Amino acid sequence: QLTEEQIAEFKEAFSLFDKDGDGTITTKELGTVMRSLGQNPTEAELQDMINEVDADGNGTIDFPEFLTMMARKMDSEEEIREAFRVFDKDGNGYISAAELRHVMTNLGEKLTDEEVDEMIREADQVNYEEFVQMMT
Amino acid sequence: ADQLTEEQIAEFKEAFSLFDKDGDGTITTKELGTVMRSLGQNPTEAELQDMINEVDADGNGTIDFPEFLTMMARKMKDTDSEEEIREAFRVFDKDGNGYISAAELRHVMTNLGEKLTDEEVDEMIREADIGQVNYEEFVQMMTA
Amino acid sequence: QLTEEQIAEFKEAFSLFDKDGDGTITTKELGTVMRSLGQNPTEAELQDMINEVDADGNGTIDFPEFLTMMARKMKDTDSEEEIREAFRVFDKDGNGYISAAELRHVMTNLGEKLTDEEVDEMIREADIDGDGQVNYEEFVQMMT
Amino acid sequence: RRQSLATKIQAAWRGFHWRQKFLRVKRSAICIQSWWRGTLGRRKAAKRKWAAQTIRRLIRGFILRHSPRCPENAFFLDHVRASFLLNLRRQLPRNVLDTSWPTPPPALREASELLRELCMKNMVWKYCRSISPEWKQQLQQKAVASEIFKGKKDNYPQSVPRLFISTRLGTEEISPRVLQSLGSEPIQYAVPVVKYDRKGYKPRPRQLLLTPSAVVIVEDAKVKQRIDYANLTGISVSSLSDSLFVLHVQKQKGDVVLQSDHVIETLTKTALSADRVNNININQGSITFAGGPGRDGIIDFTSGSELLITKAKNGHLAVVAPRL
C-alpha cells in the first residue's frame, strides 16, 4: 500500500466531488475524480469498476472502496502520440480535421457533436504533436 | 405629454437656490482625492488630474457621474470581483436558479481548506434558508 | 434469423469506412471491411457478391444488403484444421515447417496471388521466429 | 486441387491482416478519445477547486474584515468597494429634488456621504449652467406665477403647461398713431382685453400694452388711459375658475376692470413689470374698486355652469364662473 503522499492527493480530490461531506460520491463523477489525479479511464474500465465495487444500486462510493480501485490501476505521453499518428497518412506528423472528425463519431467511444466540436476549435491541417503539447 | 409641469418649476427654483449656497466656482481635483482615499486608495497628484479630464460635459463642473463611478471600480485591482463570485457559486449549483445547499456550502469551508470557523458567518446561512441557501442573499448580507 | 449483437458490431465498421456517410460504401472498399470484421473471403466471392448486388453498375453498396453478405459467408468458414491441411500439401515432408522461399513462391503464384508488399507482410507476420522458417501449426491457429 | 487449396490460405491471411489492422485502429482511437475525456475531466475538477477557493477566500476575507488590508481580505474588501460603486450607479438620484440616496456598507458610510454631497453639487452645477436663458426666463416667470396663484385660484393649475410668451397681440395690430404718442417707451408685452365701464358695466374691446414705465390701455388708436406703476397700488382677482381682474389706481380716472383670455400670464407679467407682485389680492367673496370717479361699485363672484358677466339691479357686478 502506497506511502501516504498519494493518500493526501487521493482524499482531497475524492472529497472535492463529494456533494455534501458525507463520504459518498455519485456514479457520474467517479471518472472525473480519477481523471483529477492523472489517469485516463474509458467507459469500459469504469463500468467494470462500478458494478464490482457496488451492485447495491446505491449510486455511491465510500473512500475505502475508492482506495482499493486505485492500487489496481497504478501510460506516459508517448502512449498517446502512437495512438494518434496511426491516423496520419503522410507520416509527417499531421492529420486533418475532416479525417479526425468522422472517425471519433463512429468508432468505439463515439462522441456527440458537443464533445467533438470542442476538438475542432481546439487548434489549427491540425498538427499531431501540437495537440499533445496541450494534451499533456 | 412632454410639457411643462409644476414639478419642473419646483426643480428650477430649488436648483438655483442650491447654486447660490454652493460656490460659483467649479469642482476641485483635491476634492476628488479625498473621496478615493476614503475608499482605501492613495493616488498621486498626476493620477488625480488625469481622471477628471476623462470625465467631462459642457457645463461648469459637470462631471459625468455614472461613468465616473465605473472608472473607480476599475482602479480596484480586483476587476474580477462580482464576475468571479457569480461564477464560483454556480459551479456548486445543480439547477442554476441561484440556490445552494447548506451541507454542501458547509463542506467547502470546513473540510478542504484550513478549518475556517464561522462566528457570525454561521448565523447568516441559517437566516438565508427559508431548507437551502441563496448566494445572492448570502453575499448581500455578508457585505453589511 | 439474425442476432441483434451482430448487427451492432458490423454497423460500426461499415460507418467507419463510410466516409461520406450516405448509408453505402465503395465496392473496392468491401473486401477491407468484411475482413476488418474478422472474415476470410476471396476475391472470387467478392466479385460474385459485388456483381450480383451491383447489378446496375452503381459501384455502391448499402448496409441492408451488407448484412446478407456477412450472413451468407457466416454460413460457412474455414476451420483451422482445413487450413492446417491446406499448408500440409505444400509440405511434402511432414515436419510441419515451410521455407519462407517456398512460402513466397506458393503465395505469389498459385492462388488469388499476393504482391511482394503483401507477402513480406505475411512473412514478418508468420515470423521466422529466429532465422528459421515458418511452422504453420503455430501460425494457422494464430490467424484464428 | 492445389490451386483451390492455396487460395484458402491466402484468403485467411488477408482477413487476419486487415482485421488486426482494424482492431489496432479501434484501440488506438479509444485511447485518445477517452484519454481526452480525462483532459477535459481534469479541468472540470481544477475549476471546481478554484471555485471552492474563491468562496473561502471571500469568507476568510470576511471574518478578517476589520483587519488592515492584506491578501486574505483583499478579495472581500475589494468586493464591497466594487459592489458599492456599481449598486450606486444603478440607483443614482433622478434630479435636484431627489433627496434619496441608498444605504451603504458600514465602512464606506464616510465615503457614501462624500459621494452624495458631490453628486448633488454636480447636479446643481450641471443644471444651472446648461439651462438656456430663454428657458431660464420662462421658469423664472412661471415660478413667480405659482407663488402668486398656486392653491389660491381655481384655474392656476390648468395654466401651468401652456407657456408664457412675449406679446399676445400682433405685429401690426398696434396702430402706428398710438406708438408715436407712446413715445420713447417700448412694449414689453401686449394683449387683447375687454373693458367694463364704471356705471354701465358694459363690454368694450381694448388693448393692453406694458411699457417699462406704465401700463397703457388703448382703444383702436386713441390711448384712452395711462396708468403709471407709481400710480398703481394693487390688483384684485376672484378665487374661482374665472377670467377677470381689477386695477387699483389713484379729478382723474382711477380703478378699472378688465378680462384677459390669458389671465395668469397678463397678471404676473404685469405685477413683475410693475413690481406689485406682493400687492395682488385674491378674493373669495367680493372685490372693491374706486371705480369711475365718485361711483363706487362692487363685484360679486359665484360658481356656475357657464361664463357670463352682467349687472343686476342692486348696482353690483355679478360674475358667474364655469367650474372644472
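Cut-offs applied
The numbering scheme restarts from 1 for each chain and tracks the written sequence of that chain rather than necessarily the entry's numbering. Residues without coordinates are not displayed. Chain letters and ligand numbers both follow the written order, the letters beginning at A and the numbers at 1. Based on all heavy atoms of the structure, the side-chain values leave hydrogens and waters out of the count. Residues with missing side-chain atoms are left out of burial classes, side-chain pairs and their counts. Strands here mean DSSP runs of E at least two residues long; helices mean DSSP runs of H or I at least four residues long; both are numbered from the N terminus. The atom set for the radius of gyration is the C-alpha atoms, and the globule formula is 2.2 Å times the number of residues raised to the power 0.38. Contacts: residue pairs with any heavy atoms within 4.5 Å of one another. Residues are sorted three ways: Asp, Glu, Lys and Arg are charged, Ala, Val, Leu, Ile, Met, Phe, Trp, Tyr, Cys and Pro are nonpolar, and all the rest, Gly among them, are polar. Where each domain starts and ends comes from a domain assignment, either automatic or drawn from a database. All axes are obtained by fitting lines to C-alpha atoms, using only the stretch in contact for helices, and the reported angles, taken between N-to-C directions, cover 0 to 180 degrees. Orientation is classified from the angle alone, with under 35 degrees giving roughly parallel, over 145 giving roughly antiparallel, 65 to 115 giving roughly perpendicular, and any other angle giving oblique. Here a crossing is taken to be left-handed if its near helix is turned anticlockwise relative to the far helix by less than a right angle, and right-handed if that turn runs clockwise. Salt bridge, as used here: a side-chain nitrogen of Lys or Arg that lies within 4 Å of a carboxyl oxygen of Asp or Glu. Stacked, edge-to-face and tilted are the three classes for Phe, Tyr and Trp ring pairs, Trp counted by its six-membered ring, which pair at centre distances within 6.5 Å; planes under 30 degrees apart are stacked, over 60 edge-to-face, the rest tilted. Charge-over-ring placement is defined geometrically: NZ (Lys) or CZ (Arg) within 6 Å of the ring centre, and within 35 degrees of the ring normal.

Its PDB record attributes the structure to X-ray crystallography, giving the resolution as 3.503 Å.

Considerations on the overall build of chain A
Check the secondary structure of chain A and you find 8 helices and 2 strands. Counting from the amino terminus, chain A carries its helices and strands in the arrangement α-α-α-α-α-β-α-α-β-α. A compact globule built from 136 residues should have a C-alpha radius of gyration of about 14 Å, whereas chain A, at 18 Å, is more than 25% larger. The principal-axis extent of the C-alpha atoms belonging to chain A is close to 50 × 30 × 25 Å.

Quick notes on unusual backbone geometry
Residues and elements named next belong to chain B. Here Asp2, not a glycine, exhibits a phi torsion of approximately 60 degrees, which is positive. The backbone of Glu119 sits at a positive phi, close to 60 degrees, despite the residue not being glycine. Position of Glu119 relative to the elements: it lies in the loop between α6 (102-112) and α7 (120-128).

A word on the interface of chain D and chain A
Contacts between chain D and chain A engage 21 residues on the former and 28 residues on the latter. Split into classes, the residues belonging to the side of chain D that touches chain A amount to 8 nonpolar, 6 polar and 7 charged.

Quick word on the domain arrangement of chain A
When its domains are assigned, chain A resolves into domain 1 (1-75) and domain 2 (76-136). A separation of 28 Å is found between the C-alpha centroids of domain 1 of chain A and domain 2 of chain A.

Observations concerning the interface of chain B and chain D
With 63 residues of chain B at the interface, the matching set in chain D holds 60 residues. Mapped by element, the contributors of at least two residues to the side of chain B that touches chain D are α1 (6-21), α2 (29-38), α4 (66-74), α5 (81-91), α6, α7 and α8 (135-142) of chain B. Here the element with the most residues in the side of chain B that touches chain D is α1(B); it accounts for 13 residues. Classifying every residue of the side of chain B that touches chain D by side-chain character gives 35 nonpolar, 16 polar and 12 charged.

Considerations on the packing of helix α5 (residues 80-88) of chain C against helix α1 (residues 2-63) of chain D
One can describe the packing of α5(C) onto α1(D) by two numbers: an axis separation of 9 Å at closest approach and a directional angle of 120 degrees. The pairing of α5(C) with α1(D) is recorded here as oblique in orientation. Like other packed secondary-structure pairs, α5(C) and α1(D) cross with a definite hand, here left-handed. Here α5(C) contributes C:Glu82, C:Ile83, C:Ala86 and C:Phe87 to the contact with α1(D), which in turn contributes D:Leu5, D:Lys8 and D:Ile9. Among the residues making up the contact of α5(C) with α1(D), the classes are represented as 5 nonpolar, no polar and 2 charged.

Details of the pattern of salt bridges
The shortest N-O distance in the salt bridge between B:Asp122 and B:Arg126 comes to 3.5 Å. With a gap of 4 residues between them, B:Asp122 and B:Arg126 both fall in helix α7, about one helical turn apart. A salt bridge links D:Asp78 to D:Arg69, with the nearest nitrogen and oxygen atoms 2.5 Å apart. Counted as one network, the salt bridges with shared partners bring together C:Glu43, C:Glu118 and D:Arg14.

Some words on the packing of helix α8 (residues 136-143) of chain C against α1(D)
Direction vectors running N to C along α8(C) and α1(D) enclose 55 degrees, while the axes themselves pass 10 Å from each other. As judged from the angle between their axes, α8(C) and α1(D) are oblique. Considering only the axes of α8(C) and α1(D), their crossing is left-handed. Between α8(C) and α1(D), the residues in contact are C:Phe139, C:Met142 and C:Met143 and D:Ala12, D:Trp13 and D:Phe16, respectively. A class-by-class count of the residues in the contact of α8(C) with α1(D) yields 6 nonpolar, no polar and no charged.

As for the packing of aromatic side chains
Centroid distance A:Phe14 to A:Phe63: 5.0 Å. Interplanar angle 50 degrees. Geometry classified as tilted. A residue pair is termed long-range when its members are at least 10 positions apart, and A:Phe14 in helix α1 (residues 4-15) and A:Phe63 in helix α4 (residues 63-73) qualify at 49 residues. Here B:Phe89 and B:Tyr135 contribute two aromatic rings whose centre-to-centre distance is 5.3 Å and whose plane-to-plane angle is 25 degrees, an arrangement assigned as stacked. Taken together, the aromatic side chains of B:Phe12, B:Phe16, B:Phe19 and D:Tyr127 make up a single cluster linked through ring pairs. Against the face of B:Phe16 rests D:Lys136, its NZ or CZ located 5.2 Å from the ring centre. Looking at D:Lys142, its charged tip hangs above the ring of D:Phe164, at a distance of 4.6 Å from the centre.

A short note on the domain arrangement of chain B
As assigned here, chain B comprises domain 1 (5-78) and domain 2 (79-144). The straight-line distance from the C-alpha centre of domain 1 of chain B to that of domain 2 of chain B is 36 Å.

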